[PDB]
Amino acid sequence: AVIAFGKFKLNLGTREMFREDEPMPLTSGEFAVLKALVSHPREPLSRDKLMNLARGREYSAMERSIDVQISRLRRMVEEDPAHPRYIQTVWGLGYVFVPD
């Protein structure tokens, strides 16, 4: 129901997210990208696959370029974006959500 990783708790249904229980906002583009990643734990997703999975009934997949959304999301959930733990890169493939 609520995805939990690190100090985060994410509710895919309501789009509510918390950092150590303090409410944090997810723009449509961040949410669309985070949801795709989080709902496919350990499945590396190409940028194309991400873009396709991010599409919703609202303006989201077209908000920003995948890499930038990824960069933005890493700034929000990683202790060190340069060495991400949750939103990782799979060389020659794309990106992957690693749970825990």
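Sequence positions, counted from 1, serve as the residue numbers for this chain.
- For the atom pair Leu10 CG and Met24 CE, the distance stands at 9.5 Å (nearest 0.5 Å).
- A search for salt bridge (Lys or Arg N to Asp or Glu O under 4.0 Å) contacts involving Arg47 returns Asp67, not counting sequence neighbours.
- Not a single side chain to side chain donor-acceptor pair (under 3.5 Å) links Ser46 to another residue, sequence neighbours left out.
- Rounding to the nearest 0.5 angstrom, the gap separating the CG atom in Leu50 from the CG atom in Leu45 is 5.5 Å.
- One finds the CG atom of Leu26 at 12.5 Å from the OG atom of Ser60 (value rounded to the nearest 0.5 Å).
- Each salt bridge (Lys or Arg N to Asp or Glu O under 4.0 Å) pair with one or both residues in residues 49-60, not counting sequence neighbours, appears once here: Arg15-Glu58.
- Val33 and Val68 fall into different hydrophobic clusters, where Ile, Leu, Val, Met, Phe, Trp and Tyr side chains are chained together by heavy-atom contacts under 4.5 Å.
- Listed by first and then second residue, the salt bridge (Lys or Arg N to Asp or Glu O under 4.0 Å) pairs involving residues 16-39 are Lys9-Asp21 (not counting sequence neighbours).
- Its side chain within the 4.5 Å cluster rule, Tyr59 clusters with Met62 among the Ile, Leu, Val, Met, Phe, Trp and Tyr residues.
- When the side chain to side chain donor-acceptor pair (under 3.5 Å) test is applied to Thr89, the partners found at least two apart in sequence or on another chain are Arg74.
- Among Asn11, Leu12, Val77, the single residue meeting the side chain to side chain contact (heavy atoms under 4.5 Å, CB included) criterion with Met17 is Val77.
- Residues in residues 15-49 take part in no ring-ring contact (aromatic ring centres under 6.0 Å, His included) pair, two or more places apart or across chains.
- Going from atom CD1 of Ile3 over to atom CG of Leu37 covers 11.5 Å, rounded to the nearest 0.5 Å.
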Between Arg85 and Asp80, does the side chain to side chain contact (heavy atoms under 4.5 Å, CB included) criterion hold? Intermediate values first, please.
CA-CA 8 Å; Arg85 159 64 180 75; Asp80 188 359; over 6 Å; no

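- Considering every non-hydrogen atom in both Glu63 and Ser28, the closest pair reads OE1-OG, 2.8 Å.
- Residues satisfying the salt bridge (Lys or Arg N to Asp or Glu O under 4.0 Å) test with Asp48, not counting sequence neighbours, are none.
- Its side chain within the 4.5 Å cluster rule, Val90 clusters with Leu93, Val96, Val98 among the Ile, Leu, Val, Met, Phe, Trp and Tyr residues.
- Residue pairs satisfying the ring-ring contact (aromatic ring centres under 6.0 Å, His included) criterion with at least one member in residues 75-99, sequence neighbours excluded, are listed as follows: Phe5-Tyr86, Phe5-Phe97.
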